[PDB]
Structures are given as C-alpha cells and as structure tokens.
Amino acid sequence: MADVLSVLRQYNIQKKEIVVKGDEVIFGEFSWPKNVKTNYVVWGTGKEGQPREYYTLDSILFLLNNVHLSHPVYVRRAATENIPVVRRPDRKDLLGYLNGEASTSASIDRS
C-alpha cells in the first residue's frame, strides 16, 4: 500500500467503496483513523523554516464528499461538523489530484 492519501485517490478514481465506521476510514483490508495526517501540505504553511502542516484524512474526505457545494457553503458545513477546512488555494489542485487529473502535486511531500 501507498500512503493514505494515495489510497483515497485510487479508490476515488475507481469509484471503489470507502467505508466510514465510527472514527475509522476503511479501504478494503486497510484502515486509518479519521485524524491521520496525509502528506498534503496546507497552503500558507512551511514558510521561512516554520513547520509545514498537513490535512487530515477527515478534512480531505469531507471536501471530496461535498464537492457539489459552493466553497462558501462547504466552509460553513465543515464548521458545523467541526472538521477543518481545505483552504481555497488548495481546492482545485487537491481535487484534481484525487480525481486523477494529476498524479502528483507540488503540495505533496512524497519520497
């Protein structure tokens, strides 16, 4: 298996069933907690030697499952659910990666 975000991308591209049970997100045999950190850097972080920060799986999955909402409505929904938001400058790039428009991102740190 690759990293969790790459697995999420694979499942999304194939439209394979993803199971959310409690705080687990399940991809076939594999499971991660909702709060696992992905390798996608949050816009605005990692400047001037300061730490990079990363979106959680929950944050990314919540965006993916709510792509039909306008970004402003999505921001409000995310607040209601207490799930951190994907920042607007990351939205198009992250969704394009998840949908297989791209196979990497300048925001993904992956050795």
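When you see a residue number, it is the position in the sequence shown, counting from 1.
Original post:
Given the B-factors recorded for C-alpha atoms, which segment has the greater mean, 53-61 or 75-83?
Top reply: Higher mean C-alpha B-factor in the PDB entry: 75-83.
Original post:
With respect to the recorded C-alpha B factors, which stretch has the higher mean value, 97-105 or 17-25?
Top reply: Comparing averages over the C-alpha atoms only gives 17-25.
**OP:** Taking the chain's C-alpha temperature factors as the reference, tell me which third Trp43 falls into: lowest, middle or highest.
**Re:** Middle third of the chain for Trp43's C-alpha B-factor.
**OP:** Using the B-factor values recorded in the entry, state whether the Cα atom of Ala2 falls in the lowest, middle or highest third among the modelled residues of its chain.
**Re:** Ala2: CA B-factor falls in the highest third of its chain.
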